[PDB]
Structures are given as structure tokens and as C-alpha cells.
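**Q** need a 3D model of the sequence below.
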Amino acid sequence: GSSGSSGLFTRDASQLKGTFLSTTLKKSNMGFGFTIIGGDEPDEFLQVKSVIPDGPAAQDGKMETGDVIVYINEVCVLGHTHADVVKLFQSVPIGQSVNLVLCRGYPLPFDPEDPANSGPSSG
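**A** Numbering: from 1, shown residues only. The protein structure is shown below:
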């Protein structure tokens, strides 16, 4: 039924709970057909913030939203800064490809800033 919780971060990715899967996207013009979020902090799990509709990530079927970034190309990044990980994505020029390993079973982040609000509309 219900069950407990505790722990102290991941490390070897092995302590995540989910499936593990991968894709190779070739960087076609512009940039990959998804965008990322990371916690700001230098040990928060990075996630796909969105998939671009009609983008190559969507056309490979495999990229989904909320998915947790474990590794990029062949680098362990699951606690790296979104500063470094965004630099890692930018380090790939157009027409090259990278591997990505995500973990599956994680939801999207709840956004503590604004997850969905509005002001005094009547209704």
C-alpha cells in the first residue's frame, strides 16, 4: 500500500526507482527538440522541462517531459549544475549527436515559484 521514505541523494544512479532508457539525437539546426530544468543547487536531479512538439526528440518517441537526466553523452551528470549541463548541451555543435540516459517513473517537478495561479478574475 503506502510505504516509507528517507535517504541522502543518489550517487551511482542505481538507487533511483524507475526504468532506465536512452536515445541518440542528432542536433538538427538550432538545438535539441527538448529543454531541461535543474534545481539551481549543485546536487539536484535535472529533468526534461519540456519536449519540443514536432522536434527530433519527439520524433524519436523516447524523450518525455519530467524525465530525469542521469548521464549525457558519456558523463555522469545527475547532481551536476544546470550551469554545467546547459554548457554540455551547448558544447555539441549542429550536425553532431550525443547519447542521453534518462530514468522513468519520476513526475515533473512541482514548481514552488508558480505551478499555476491567477488573479481576481470573477467566475
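
**Q** which residues touch the closest residue to residue 73 other than its chain neighbours?
**A** In space, and not counting its chain neighbours, residue 73 is closest to residue 98: 4.3 Å by Cβ to Cβ, 6 or more residues apart in numbering. Heads up, the C-betas are built off the backbone N, CA and C, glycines and all. Residue 98 is in contact with 24, 25, 27, 72, 73, 89, 92, counting by Cβ atoms under 8 Å, 6 or more residues apart in numbering.

**Q** list the contacts of the third one.
**A** Remark: with contacts taken as Cβ under 8 Å, 6+ apart, residue 27 is in contact with 92, 93, 94, 95, 96, 97, 98.

**Q** if I read this right, the fifth one contacts residue 26, doesn't it?
**A** Yes. Under the criterion of Cβ atoms under 8 Å, residue 96 is in contact with residue 26, at a separation of 7.1 Å.

**Q** returning to that earlier point: of the contacts of residue 98, closest to residue 7?
**A** residue 72 (23.8 Å; Cβ to Cβ).

**Q** report the beta-bridge partner residues of that closest one.
**A** residue 75, residue 100 (DSSP bridges).
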